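Presented as structure tokens, the chain that follows is alone, the form deposited in one PDB entry.
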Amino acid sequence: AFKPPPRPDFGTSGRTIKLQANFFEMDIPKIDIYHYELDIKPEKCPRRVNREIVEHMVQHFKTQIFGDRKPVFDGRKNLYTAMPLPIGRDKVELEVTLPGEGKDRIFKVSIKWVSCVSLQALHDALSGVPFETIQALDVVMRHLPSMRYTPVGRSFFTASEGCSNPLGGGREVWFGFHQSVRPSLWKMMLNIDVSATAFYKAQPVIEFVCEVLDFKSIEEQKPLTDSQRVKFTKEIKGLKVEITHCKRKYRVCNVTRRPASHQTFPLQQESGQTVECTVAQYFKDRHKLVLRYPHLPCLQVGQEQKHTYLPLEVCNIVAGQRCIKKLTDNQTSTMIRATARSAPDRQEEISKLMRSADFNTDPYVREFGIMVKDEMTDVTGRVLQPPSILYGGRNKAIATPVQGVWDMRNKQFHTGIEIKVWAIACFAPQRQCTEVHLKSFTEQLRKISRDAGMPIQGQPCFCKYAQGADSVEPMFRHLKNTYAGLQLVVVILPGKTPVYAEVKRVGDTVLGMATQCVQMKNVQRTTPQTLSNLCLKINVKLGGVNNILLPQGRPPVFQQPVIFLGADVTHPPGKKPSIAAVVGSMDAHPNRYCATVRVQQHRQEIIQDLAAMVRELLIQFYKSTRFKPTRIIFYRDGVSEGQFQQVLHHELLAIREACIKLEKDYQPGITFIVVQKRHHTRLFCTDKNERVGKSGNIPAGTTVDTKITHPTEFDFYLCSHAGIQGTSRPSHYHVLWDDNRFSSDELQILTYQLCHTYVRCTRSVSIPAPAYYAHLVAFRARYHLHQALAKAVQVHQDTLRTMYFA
């Protein structure tokens, strides 16, 4: 339970396709490079500051220490050099003083040698693995960009010269790129990809207040209401501000309730005695400054103490601050508008980026003798054959997926459910949604249901109008009590409303009855496709089977009983908890899934109570099939490489712990797979004849497990979905454990077929259904809103065995 398995083989399935990956080969010298450690005093300075200190330190001590050498820097505590520094071995203490805001002051730095980073040893590892050596290369690579650009994670960003793209609310668009050094067989790869994220516009807080509160002019003043203030506080708390009146960015902690004219602080007079002085008066006495907007609040900085309240008019927003807060429906949209391009389009943008970057002329990488190709790596992919999807009806219509898509026309559900009793709850005003609208909708709806293999028998037994989330349960109690055998409640909503949160709360936790929701606009105007996808959601919500994988066309793993698990944990931005969700198959298709859900520590990827969740799912698997899984396939979503050994140590045992809590000698083979969509590896078609759709992506089924993958471990890429817009993300899979002795072909084909079991659409999705369902559960649980919390997330006993999250 400690070390991931080696790659078993490469696999031969599918027909070859020629691809290029945004990976650029690196030529690394066989030399040894030298590692030094740095003790900077004070040691709590951010990387940007340390970088400047070190940059000045290298220039200043030119003659004695560095000379004509060009050392790179961690930003924290590591410096690397191409040839040995004249440290010799023993520690040296250096002093730097830099320009200050007005104090002009001090930094104590010292160098000590640590080791000799062997690059030749790295070459050997790439031929059948030194993280430390890899970390050194990253530093050599991003030493320069880190100086000129704004480092964000493993990416860089700069302000447009330029476009200057707004988003409103003080937010603006910054275009950037990602750079990372990746290992692969034989070669070291430089992963490059174009990026774009939100940043706060460098403007005075006064102007910032306007964009946040939608002010034309400042005046349009009187003190901000309790409403206007809490929004501004929530938008500025945690941001850096700088003083205009007399370079020192300070970090905002809170915004005062009282205006500057009335907000006070204890000021100590020259006679020892302290007194309460207003911020407005202090700026008059001390700074000769009569406040222009005394009716506006004060930004509060430093700690809870000392106090340090600053008026809004003397503060600006520090440049280079990324926006962490999620953005409005539109801001996201216009951001995507900027990004999206298409796969051919973005491949040029990377090449354009590689052209301007010009690594082969970088002073620091020339120093280290490193060379990088200007052409994308050429890889062969295999496009796997999609599984035949089996439908029911009388004709047993088999659908064959074409380019990640199939249809339901002239086809019917595997086991369609006979809806006989159902109600309708319209929360949209009758003025917008009329009885004619509902009736039309319904008649249109039923007609689809008919040809879908899931017939709705007649008119709804109940139909009413309502308003407010408070009117949900009194109607819902009424429905369950007065209608015996009630199957479905069709709630109709006017756009966005907290009613949905209550509808899903009561329907999944309190009363426990399926509730399908639909916006007002989709009732006023109905389309056969939209209605059809609704029938996909309500059939499975009533314990139905839309379609199953073709039995004969399945991997040899289904020969014995096997459960497929899907796990994902979603996180909040406030002091809210993280939500861990784990699902599991409940049949041999696989089609039906049960959902477990927990709450845990704030920002914690490790599923804490995993052993309990897996235990529950295993019980349900036996309650549905009389079978104890001989194998456990686990698709874990959202785990990075640096956390692999962490989640493997706790979550693999947790699954094993769950197996032996049931029975002492119950040890099914466990396959632990981590799925990733959060990466920067893109695949492009070499031939223009292989491009699909004018987004021009790789076809669904494109599998890459060579050239750019892990040199020793079992990992592969699989773009299981059909790209509709922009550039597709080839989902990465990394086998952390596998008792089942899977082959490359079998596991990749299995993973690919599992992407065809997603019931919400007649498409092949990016991640397997278990992983996707797990996301839906942890997202539905977020609409479900300590121990109260655990209770809030608990699903009603009868909806406990249904795909309510569908």
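Rigid core (definition): largest C-alpha set, two forms, superposition within 1.5 Å. Residue positions are given as counts along the sequence shown, with the first one as 1.
Enquirer: Among the other entries of this protein that model both neighbours of residue 382, is it absent from at least a third?
Expert: Residue 382: modelled in every other compared entry.
Enquirer: Tell me whether residue 124 is absent from the model in at least one third of the other entries compared, counting only those where the residues either side are present.
Expert: It is not, since residue 124 is included in all of the other entries that model both flanking stretches.
Enquirer: Gap size between residue 128 and residue 129, counting deposited residues with no coordinates: none, 1 to 3, 4 to 9, or 10 or more?
Expert: 4 to 9 residues lack coordinates between residue 128 and residue 129.
Enquirer: What number of residues from the deposited sequence go unmodelled in the gap from residue 785 to residue 786, classed as none, 1 to 3, 4 to 9, or 10 or more?
Expert: Gap between residue 785 and residue 786: 10 or more unmodelled residues.
Enquirer: For the stretches 228-236 and 559-567, which has the higher mean C-alpha B-factor as given in the deposited record?
Expert: The entry gives the higher C-alpha B-factor average to 228-236.
Enquirer: Would 623-631 or 517-525 have the larger average of its C-alpha temperature factors, as given in the entry?
Expert: According to the entry, 517-525 carries the higher average C-alpha B-factor.
Enquirer: Among 162, 590, 151, 183, single out the one with the highest C-alpha B factor in the record, please.
Expert: So the option with the highest C-alpha B-factor is 162.
Enquirer: From the list 27, 39, 738, 746, select the residue with the highest C-alpha B factor recorded in the entry.
Expert: Of 27, 39, 738, 746, 39 has the highest C-alpha B-factor.
Enquirer: When the modelled residues of the chain are sorted by Cα temperature factor, does residue 769 land in the lowest, middle or highest third?
Expert: Tercile = lowest for this residue's CA B-factor.
Enquirer: Please place residue 21 in the lowest, middle or highest third of its chain by C-alpha B factor as given in the entry.
Expert: Residue 21: CA B-factor falls in the lowest third of its chain.
Enquirer: By its CA B factor, does residue 392 count among the lowest, middle or highest third of the modelled residues in the chain?
Expert: It belongs to the middle third of the chain when residues are ordered by C-alpha B-factor.
Enquirer: Per the entry's values, where does residue 757 land by CA temperature factor relative to the rest of its chain, in the lowest, middle or highest third?
Expert: Lowest third - that is where residue 757 ends up once the chain's C-alpha B-factors are sorted.
Enquirer: Which third, lowest, middle or highest, does the CA B-factor of residue 496 fall in along this chain?
Expert: CA B-factor rank for residue 496: highest third.
One more form of this protein, deposited in another entry, exists but is not displayed; see below.
Enquirer: Quick check for you: superpose on the rigid core, then look between the shown form and the other one for a C-alpha move of 2 Å or more. Which of 604, 332, 522, 645 is it?
Expert: Among the listed residues, the outlier is 332.
Enquirer: For residue 233, decide whether the Cα shift between the shown form and the other one is 2 Å or greater, given a superposition on the rigid core.
Expert: Indeed, residue 233 is displaced by 2 Å or more.
Enquirer: Is residue 452 one of the residues whose C-alpha moves 2 Å or more between the shown form and the other one after the core fit?
Expert: For residue 452, whose C-alpha is compared between the shown form and the other one after core superposition, the shift is less than 2 Å.
Enquirer: Is residue 201 one of the residues whose Cα moves 2 Å or more between the shown form and the other one, with the core superposed?
Expert: Shift at residue 201: 2 Å or more after core fit.
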